[PDB]
Amino acid sequence: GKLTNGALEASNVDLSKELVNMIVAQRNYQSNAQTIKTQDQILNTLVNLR
Amino acid sequence: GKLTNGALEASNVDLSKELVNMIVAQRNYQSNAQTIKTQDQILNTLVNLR
Amino acid sequence: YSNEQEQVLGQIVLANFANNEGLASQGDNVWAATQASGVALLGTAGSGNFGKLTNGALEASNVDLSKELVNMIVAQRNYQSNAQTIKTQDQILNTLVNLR
Amino acid sequence: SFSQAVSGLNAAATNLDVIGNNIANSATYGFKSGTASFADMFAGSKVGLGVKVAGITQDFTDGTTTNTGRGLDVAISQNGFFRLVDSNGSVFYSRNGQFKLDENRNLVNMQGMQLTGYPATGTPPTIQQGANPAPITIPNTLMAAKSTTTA
Amino acid sequence: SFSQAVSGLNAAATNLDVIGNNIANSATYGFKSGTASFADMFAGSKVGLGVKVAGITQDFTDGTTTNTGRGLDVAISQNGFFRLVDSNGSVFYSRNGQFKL
Amino acid sequence: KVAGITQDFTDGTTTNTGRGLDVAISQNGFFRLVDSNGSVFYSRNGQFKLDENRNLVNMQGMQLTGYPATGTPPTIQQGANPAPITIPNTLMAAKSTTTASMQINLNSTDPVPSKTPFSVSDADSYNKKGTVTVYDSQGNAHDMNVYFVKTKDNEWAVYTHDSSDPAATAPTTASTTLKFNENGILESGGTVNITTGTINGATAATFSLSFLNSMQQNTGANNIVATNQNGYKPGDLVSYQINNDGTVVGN
Amino acid sequence: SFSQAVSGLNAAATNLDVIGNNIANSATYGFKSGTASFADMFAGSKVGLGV
Amino acid sequence: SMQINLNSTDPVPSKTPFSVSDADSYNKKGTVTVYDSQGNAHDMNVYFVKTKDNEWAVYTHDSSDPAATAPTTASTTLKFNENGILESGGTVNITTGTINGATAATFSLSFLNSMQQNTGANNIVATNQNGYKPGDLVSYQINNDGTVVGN
């Protein structure tokens with residue numbers, strides 16, 4: 001490295017990118033919820049046909 | 001392994017995986033209900049010959 | 001390096017195929033070549049049929065979940081219509097049996 | 001009678017499985033989209049006999065490209081493929097550029113499969129493009145000093 | 001049919017809690033962020049199996065060194081790590097210099 | 001009595017698919033296919049892949065049949081019989097330049113070049129330097145410098161020199177001469193069968209250079225507006241398209 | 001049906017990401033604005049079928 | 001057969017005479033894997049050197065036979081015209097070596113439709129050979145023409 005004595009290192013996060021990445025995680029979580037609920041209701045009509 | 005001080009060990013269950021497992025368990029329960037249903041009505045079409 | 005001269009340590013080989021569609025995808029982001037894929041011809045970035053590369057930028061997935069979300073409901077509704085044609089096949093056989 | 005619609009149910013079930021895979025594989029880098037391909041059965045009978053899945057294919061467009069400051073995230077945008085090798089020496093191909101170093105300082109992906117490159121031999125090395133790929137070792141090997149010839 | 005989507009669910013949950021870590025871990029000194037990385041599973045079938053974590057890998061670019069009036073506040077602005085031993089003699093490596101006496 | 005099961009042949013909704021090799025018609029036409037059995041079949045599906053032999057097939061491997069690309073330039077033949085069409089990685093071979101033309105607009109107010117006789121190392125011996133990059137029978141680069149020298153009123157000496165040939169000599173004998181009318185329109189001298197140099201076992205290009213559509217400006221600069229030729233480099237392959245009227249083109 | 005809707009839905013998606021690119025490259029020197037020009041779909045049926 | 005496009009502007013290599021181990025003694029190295037009557041893989045390295053304009057000394061080496069002699073004679077010579085059309089020496093018979101008590105494989109190597117590229121590098125277009133490993137079984141299929149097959 002090359003050390004400095006007065007200055008102390010802050011974090012590595014750029015929390016704009018984290019706060020916009022949690023939204024993409026939220027929405028593809030919700031779309032995965034959409035496909036489990038649609039496999040639920042196709043299996044629902046696969047039962048109740050008689 | 002590395003025991004910790006004040007943190008508790010929270011539960012193993014990830015409740016999304018169980019909320020889809022109850023869906024698939026209840027719908028093949030319903031499929032088993034349909035095969036006892038068809039066994040019921042093939043038995044009464046075996047009975048009501050005479 | 002520390003004397004500020006650089007030396008080449010290798011070059012990332014790219015590979016193309018006869019068709020991309022014959023690639024049998026293995027159990028990762030990995031694909032694997034087949035008889036159906038054609039044997040892979042190899043080269044570097046920018047020569048003929050080959051890929052212009054980037055340095056730090058990473059390639060995201062190509063799925064558009066708007067088209068995925070609108071395809072799941074059309075697969076869902078024609079699934080239910082297939083359920084209803086076996087349903088009415090059941091009803092016409094039911095009134096075919098017990099007519100006497 | 002029933003064969004048409006049980007074929008249709010199997011077709012829509014494979015279709016839903018493919019697109020549920022595609023929704024699940026959103027935002028995994030290098031994933032290419034799934035697509036189903038269907039075709040109808042026939043025979044000597046003039047009526048139709050359902051639908052078979054003629055095959056599952058991929059969609060080979062380019063994804064969008066996200067600029068990450070990490071320098072070991074090399075991606076490509078055209079028809080090429082990274083040529084990886086595993087621990088068993090089997091050749092594979094991929095487009096996920098999330099590349100680690102391992103202990104031995106040769107470029108693995110985040111699974112551990114090593115890249116392949118045309119090696120560079122000499123002093124100073126050039127592209128020894130003899131069509132012979134090899135895992136890209138990027139060592140801490142010292143820069144061997146050479147003599148001045150033209151000042 | 002269903003396992004692909006619950007694989008997508010817990011993959012997005014792994015995204016969401018490592019991002020909630022990094023947001024909760026924001027503006028501490030000498031933390032270096034985490035990053036979830038994924039990969040698709042496949043089998044003999046050409047249809048899919050969902051998504052798993054390939055791993056939680058950290059980014060090792062430098063945080064912005066902030067001026068602080070305390071003198072015991074060293075920080076590397078490059079690719080070195082500190083070295084720490086404990087009361088049990090095990091080696092450990094750090095990046096912040098919150099160095100009290 | 002069931003009289004028979006009829007198809008209906010109205011076109012379905014054409015769906016915009018971002019894939020490239022997915023061509024589907026919307027009229028009463030029919031794609032033509034063949035399988036390996038040798039029987040010709042007719043379809044309408046747009047899913048078109050290519051094999052490991054890189055001939056365009058459907059999803060079931062049945063090869064598309066099309067009108068061939070025969071000749072140089074590749075065109076249709078007078079037997080009119082379709083065939084399985086391929087997309088090869090066989091490289092586009094170069095052919096010698098045969099027709100090159102350069103159009104020039106020279107000011108008529110330009111004085112006669114002073115430093116006579118002509119030299120290629122003397123800028124004041126000519127009025128205008130131009131460049132046309134032609135390619136020979138094997139097809140390597142030849143940067144033919146053409147040279148424009150005002151001899152007198154409306155008459156322009158035109159010199160040719162292969163800069164790519166280190167074994168060539170300087171032009172000192174006249175290649176041709178543009179002679180213009182009173183109106184500034186080219187009268188004669190607007191064509192020459194000019195031969196390039198010979199380099200590294202590739203024999204020289206012997207091409208028709210033309211200066212048609214040139215005209216003498218009255219005040220301005222000596223300006224080349226349009227060069228064109230039919231010589232080129234060996235291109236291997238980059239990409240390909242299905243054109244909108246059916247044919248396939250290869251970049 | 002769903003075809004006009006998906007065609008339409010995409011049109012708006014590509015228009016949104018192009019004008020997001022125009023907002024993102026604001027005050028980047030020498031950048032040029034981009035507009036997504038669209039065009040409607042027709043076939044042998046009299047009713048329109050997308051964009 | 002090995003079909004390959006040859007750079008016409010490649011110089012005569014500076015390392016003279018020929019060497020099998022030294023990279024600058026040849027214009028381009030290529031590899032074809034051939035197979036014998038026993039079934040072992042022989043990695044035939046083809047070495048392209050240019051002699052003068054429009055013809056190439058083609059030397060062959062059996063690198064999978066470690067007890068093999070280094071070639072100092074011409075395996076063949078690729079002769080080209082002014083248009084890059086192959087002229088003569090485009091098909092040559094060649095014997096391989098033996099190892100592990102196997103039999104020697106002798107095959108006809110074909111360079112047909114090899115073109116001489118003006119500007120570029122030497123790149124292998126298409127190789128194909130009819131030798132193959134032993135194979136036990138993976139699949140077996142009932143094709144529609146009443147023909148049963150194994151793969």
# chains A, B, ... in the order shown; residues from 1 in each chain; ligands from 1
>>> interface_residues(of="chain B", to="chain E", cutoff="8 Å", atoms="only C-alpha atoms", output="VMD selection string")
chain B and resid 16 to 17 20
>>> write_last_selection(atoms="C-alpha atoms", output="JSON list (two decimals), in the first residue's frame")
[["chain", "number", "residue", "atom", "x", "y", "z"],
["B", 16, "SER", "CA", -41.46, -19.33, 1.76],
["B", 17, "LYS", "CA", -40.21, -22.87, 1.12],
["B", 20, "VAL", "CA", -44.97, -23.65, -1.30]]
>>> residues_around(residues="residue 140 (chain D)", least_positions_apart="2", cutoff="12 Å", atoms="only C-alpha atoms", output="NGL selection string")
(:C and (1-2 or 9)) or (:D and (103-106 or 137-138 or 142-144))
>>> atom_distance(atom1="CA of residue 4 (chain F)", atom2="CA of residue 62 (chain F)")
28.5 Å
>>> select_by_dssp(residues="region 99-194 of chain F", states="strand (DSSP E)", output="ChimeraX atom specification")
/F:99-107,128-135,141-152,155-162,176-180,186-188,191-194
>>> write_last_selection(atoms="C-alpha atoms", output="tab-separated table (two decimals), in the first residue's frame")
chain	number	residue	atom	x	y	z
F	99	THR	CA	-13.71	-0.77	-62.92
F	100	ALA	CA	-12.48	2.06	-60.75
F	101	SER	CA	-13.69	5.60	-61.28
F	102	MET	CA	-12.67	8.87	-59.68
F	103	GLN	CA	-14.65	12.08	-60.12
F	104	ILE	CA	-12.75	15.36	-59.76
F	105	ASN	CA	-13.72	19.03	-59.59
F	106	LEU	CA	-10.78	21.27	-60.48
F	107	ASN	CA	-10.82	25.06	-60.41
F	128	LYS	CA	-3.78	17.80	-57.24
F	129	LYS	CA	-2.85	14.52	-55.56
F	130	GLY	CA	-5.52	11.85	-55.23
F	131	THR	CA	-5.69	8.34	-53.84
F	132	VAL	CA	-7.63	5.27	-54.92
F	133	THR	CA	-6.99	1.99	-53.10
F	134	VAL	CA	-7.36	-0.87	-55.57
F	135	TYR	CA	-6.83	-4.60	-55.15
F	141	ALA	CA	-3.69	-3.14	-51.16
F	142	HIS	CA	-2.50	-0.72	-53.84
F	143	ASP	CA	-2.71	2.97	-52.98
F	144	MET	CA	-2.73	4.30	-56.55
F	145	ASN	CA	-1.88	7.98	-56.37
F	146	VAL	CA	-3.30	9.87	-59.33
F	147	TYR	CA	-1.83	13.25	-60.21
F	148	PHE	CA	-3.38	16.30	-61.87
F	149	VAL	CA	-1.16	18.85	-63.66
F	150	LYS	CA	-2.54	21.83	-65.55
F	151	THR	CA	-0.71	22.02	-68.85
F	152	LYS	CA	-2.67	24.95	-70.32
F	155	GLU	CA	-6.10	20.62	-70.35
F	156	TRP	CA	-4.94	18.50	-67.43
F	157	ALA	CA	-2.20	15.89	-67.49
F	158	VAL	CA	-3.11	12.85	-65.39
F	159	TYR	CA	-0.33	10.70	-63.94
F	160	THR	CA	-0.54	7.35	-62.13
F	161	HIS	CA	1.78	5.93	-59.49
F	162	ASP	CA	1.59	2.82	-57.31
F	176	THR	CA	-3.59	10.22	-69.83
F	177	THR	CA	-4.89	13.76	-70.27
F	178	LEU	CA	-8.26	15.18	-69.35
F	179	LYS	CA	-9.30	17.57	-72.10
F	180	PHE	CA	-12.40	19.58	-71.29
F	186	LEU	CA	-15.17	16.48	-70.01
F	187	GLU	CA	-14.74	15.83	-73.74
F	188	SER	CA	-12.19	13.01	-74.00
F	191	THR	CA	-10.86	6.50	-69.43
F	192	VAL	CA	-7.64	4.46	-69.21
F	193	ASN	CA	-6.77	0.78	-68.89
F	194	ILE	CA	-4.10	1.23	-66.23
>>> closest_atom_pairs(of="chain D", to="chain E", cutoff="7 Å", atoms="only C-alpha atoms", output="Markdown table")
| residue | atom | partner | partner_atom | distance |
| --- | --- | --- | --- | --- |
| D:17 | CA | E:1 | CA | 4.9 |
| D:18 | CA | E:47 | CA | 5.7 |
| D:20 | CA | E:5 | CA | 6.0 |
| D:21 | CA | E:50 | CA | 5.2 |
| D:24 | CA | E:8 | CA | 4.1 |
| D:25 | CA | E:51 | CA | 5.9 |
| D:28 | CA | E:38 | CA | 5.3 |
| D:56 | CA | E:46 | CA | 6.3 |
| D:110 | CA | E:54 | CA | 6.4 |
| D:111 | CA | E:54 | CA | 6.5 |
>>> write_last_selection(atoms="N, CA and C atoms", output="compact mmCIF listing (two decimals), in the first residue's frame")
# COMPACT_ATOMS: atom_id res chain seq x y z
N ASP D 17 -42.86 -24.13 -16.93
CA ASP D 17 -41.59 -24.46 -16.29
C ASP D 17 -40.44 -23.65 -16.88
N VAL D 18 -40.42 -23.51 -18.21
CA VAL D 18 -39.37 -22.74 -18.87
C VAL D 18 -39.42 -21.27 -18.47
N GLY D 20 -40.88 -19.96 -15.85
CA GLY D 20 -40.60 -19.81 -14.44
C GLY D 20 -39.12 -19.90 -14.15
N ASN D 21 -38.41 -20.75 -14.89
CA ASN D 21 -36.95 -20.73 -14.87
C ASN D 21 -36.41 -19.37 -15.28
N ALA D 24 -36.96 -16.86 -12.58
CA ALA D 24 -36.01 -17.14 -11.51
C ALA D 24 -34.60 -16.74 -11.88
N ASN D 25 -34.22 -16.93 -13.14
CA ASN D 25 -32.90 -16.54 -13.61
C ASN D 25 -32.85 -15.12 -14.15
N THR D 28 -29.20 -12.99 -13.00
CA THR D 28 -27.99 -13.80 -12.93
C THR D 28 -27.20 -13.57 -14.22
N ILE D 56 -36.75 -27.28 -26.66
CA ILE D 56 -36.48 -26.10 -25.86
C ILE D 56 -35.20 -25.46 -26.38
N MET D 110 -16.58 -17.77 -10.61
CA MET D 110 -16.94 -17.87 -9.20
C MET D 110 -17.37 -19.28 -8.81
N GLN D 111 -17.34 -20.22 -9.74
CA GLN D 111 -17.48 -21.64 -9.44
C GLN D 111 -16.13 -22.30 -9.19
>>> interface_residues(of="chain H", to="chain D", cutoff="9 Å", atoms="only C-alpha atoms", output="list in words")
residues 23, 28, 29, 30, 31, 123 and 124 of chain H
>>> closest_atom_pairs(of="chain C", to="chain H", cutoff="12 Å", atoms="only C-alpha atoms", output="CSV")
residue,atom,partner,partner_atom,distance
C:17,CA,H:125,CA,11.9
C:18,CA,H:126,CA,11.3
C:35,CA,H:151,CA,11.3
C:38,CA,H:126,CA,11.0
C:39,CA,H:126,CA,9.5
C:40,CA,H:126,CA,10.3
C:41,CA,H:125,CA,7.9
C:42,CA,H:124,CA,9.3
C:43,CA,H:123,CA,8.9
C:44,CA,H:123,CA,11.6
C:47,CA,H:120,CA,9.4
C:48,CA,H:120,CA,10.5
>>> residues_around(residues="region 75-85 of chain E", least_positions_apart="5", cutoff="10 Å", atoms="only C-alpha atoms", output="number ranges by chain")
A: 1-10; E: 29-30, 60-66, 90-98
>>> write_last_selection(atoms="N, CA, C and O atoms", output="short mmCIF file (atom, residue, chain, number, x, y, z; two decimals), in the first residue's frame")
data_model
loop_
_atom_site.label_atom_id
_atom_site.label_comp_id
_atom_site.auth_asym_id
_atom_site.auth_seq_id
_atom_site.Cartn_x
_atom_site.Cartn_y
_atom_site.Cartn_z
N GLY A 1 0.79 -1.20 0.00
CA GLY A 1 0.00 0.00 0.00
C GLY A 1 0.83 1.26 0.00
O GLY A 1 1.97 1.31 -0.45
N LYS A 2 0.20 2.32 0.50
CA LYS A 2 0.86 3.60 0.76
C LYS A 2 0.02 4.25 1.85
O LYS A 2 -1.12 4.67 1.59
N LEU A 3 0.56 4.31 3.05
CA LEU A 3 -0.25 4.58 4.22
C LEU A 3 -0.38 6.08 4.46
O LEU A 3 0.53 6.86 4.17
N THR A 4 -1.54 6.48 4.96
CA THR A 4 -1.74 7.81 5.52
C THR A 4 -2.11 7.66 6.98
O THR A 4 -2.64 6.62 7.39
N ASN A 5 -1.79 8.67 7.79
CA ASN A 5 -1.95 8.52 9.23
C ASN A 5 -3.18 9.26 9.75
O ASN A 5 -3.86 8.79 10.66
N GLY A 6 -3.48 10.42 9.18
CA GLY A 6 -4.65 11.16 9.62
C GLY A 6 -5.95 10.60 9.09
O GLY A 6 -6.94 10.54 9.82
N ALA A 7 -5.96 10.17 7.84
CA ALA A 7 -7.19 9.82 7.15
C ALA A 7 -7.54 8.36 7.38
O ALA A 7 -6.70 7.47 7.23
N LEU A 8 -8.80 8.11 7.71
CA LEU A 8 -9.33 6.79 8.01
C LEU A 8 -10.35 6.40 6.95
O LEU A 8 -11.15 7.24 6.52
N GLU A 9 -10.33 5.14 6.54
CA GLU A 9 -11.07 4.72 5.36
C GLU A 9 -12.54 4.54 5.68
O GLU A 9 -12.89 3.90 6.67
N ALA A 10 -13.40 5.10 4.84
CA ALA A 10 -14.84 4.93 4.98
C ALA A 10 -15.27 3.62 4.34
O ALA A 10 -14.45 2.79 3.96
N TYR E 29 -16.41 2.36 9.32
CA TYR E 29 -15.08 2.61 8.80
C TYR E 29 -14.37 1.29 8.54
O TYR E 29 -14.25 0.47 9.45
N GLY E 30 -13.94 1.09 7.31
CA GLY E 30 -13.19 -0.09 6.96
C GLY E 30 -14.00 -1.33 6.69
O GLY E 30 -13.44 -2.43 6.71
N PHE E 60 -13.33 -5.37 -3.51
CA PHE E 60 -12.14 -4.87 -2.84
C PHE E 60 -11.53 -3.66 -3.53
O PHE E 60 -10.32 -3.59 -3.74
N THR E 61 -12.37 -2.69 -3.87
CA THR E 61 -11.92 -1.35 -4.17
C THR E 61 -11.98 -0.51 -2.91
O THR E 61 -12.69 -0.83 -1.95
N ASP E 62 -11.22 0.58 -2.91
CA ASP E 62 -10.99 1.34 -1.69
C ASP E 62 -12.14 2.29 -1.40
O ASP E 62 -12.69 2.92 -2.31
N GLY E 63 -12.49 2.39 -0.13
CA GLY E 63 -13.37 3.45 0.30
C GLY E 63 -12.65 4.78 0.34
O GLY E 63 -11.42 4.85 0.40
N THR E 64 -13.42 5.85 0.31
CA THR E 64 -12.85 7.19 0.31
C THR E 64 -12.31 7.53 1.70
O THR E 64 -13.08 7.61 2.66
N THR E 65 -11.00 7.72 1.79
CA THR E 65 -10.36 8.03 3.06
C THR E 65 -10.78 9.41 3.54
O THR E 65 -10.56 10.41 2.86
N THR E 66 -11.37 9.46 4.73
CA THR E 66 -11.90 10.68 5.31
C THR E 66 -10.89 11.25 6.29
O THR E 66 -10.31 10.50 7.07
N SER E 90 -4.10 -16.18 17.21
CA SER E 90 -4.48 -16.40 15.82
C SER E 90 -4.34 -15.12 15.02
O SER E 90 -4.65 -14.03 15.51
N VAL E 91 -3.88 -15.25 13.79
CA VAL E 91 -3.66 -14.10 12.92
C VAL E 91 -5.00 -13.66 12.35
O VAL E 91 -5.89 -14.47 12.09
N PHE E 92 -5.16 -12.34 12.22
CA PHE E 92 -6.34 -11.76 11.61
C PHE E 92 -5.90 -10.53 10.82
O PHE E 92 -4.85 -9.94 11.09
N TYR E 93 -6.71 -10.14 9.84
CA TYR E 93 -6.33 -9.09 8.90
C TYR E 93 -7.47 -8.09 8.83
O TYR E 93 -8.63 -8.48 8.75
N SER E 94 -7.14 -6.80 8.87
CA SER E 94 -8.14 -5.75 8.93
C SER E 94 -7.94 -4.74 7.80
O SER E 94 -7.04 -4.87 6.98
N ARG E 95 -8.82 -3.73 7.77
CA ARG E 95 -8.63 -2.58 6.90
C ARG E 95 -8.84 -1.23 7.56
O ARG E 95 -8.38 -0.23 6.99
N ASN E 96 -9.50 -1.14 8.70
CA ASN E 96 -9.59 0.15 9.35
C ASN E 96 -8.60 0.27 10.49
O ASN E 96 -8.19 -0.72 11.10
N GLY E 97 -8.20 1.50 10.77
CA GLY E 97 -7.22 1.79 11.77
C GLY E 97 -7.79 2.50 12.98
O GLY E 97 -7.18 3.46 13.47
N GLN E 98 -8.95 2.07 13.46
CA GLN E 98 -9.48 2.56 14.74
C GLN E 98 -8.60 2.02 15.86
O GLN E 98 -8.95 1.07 16.56
#
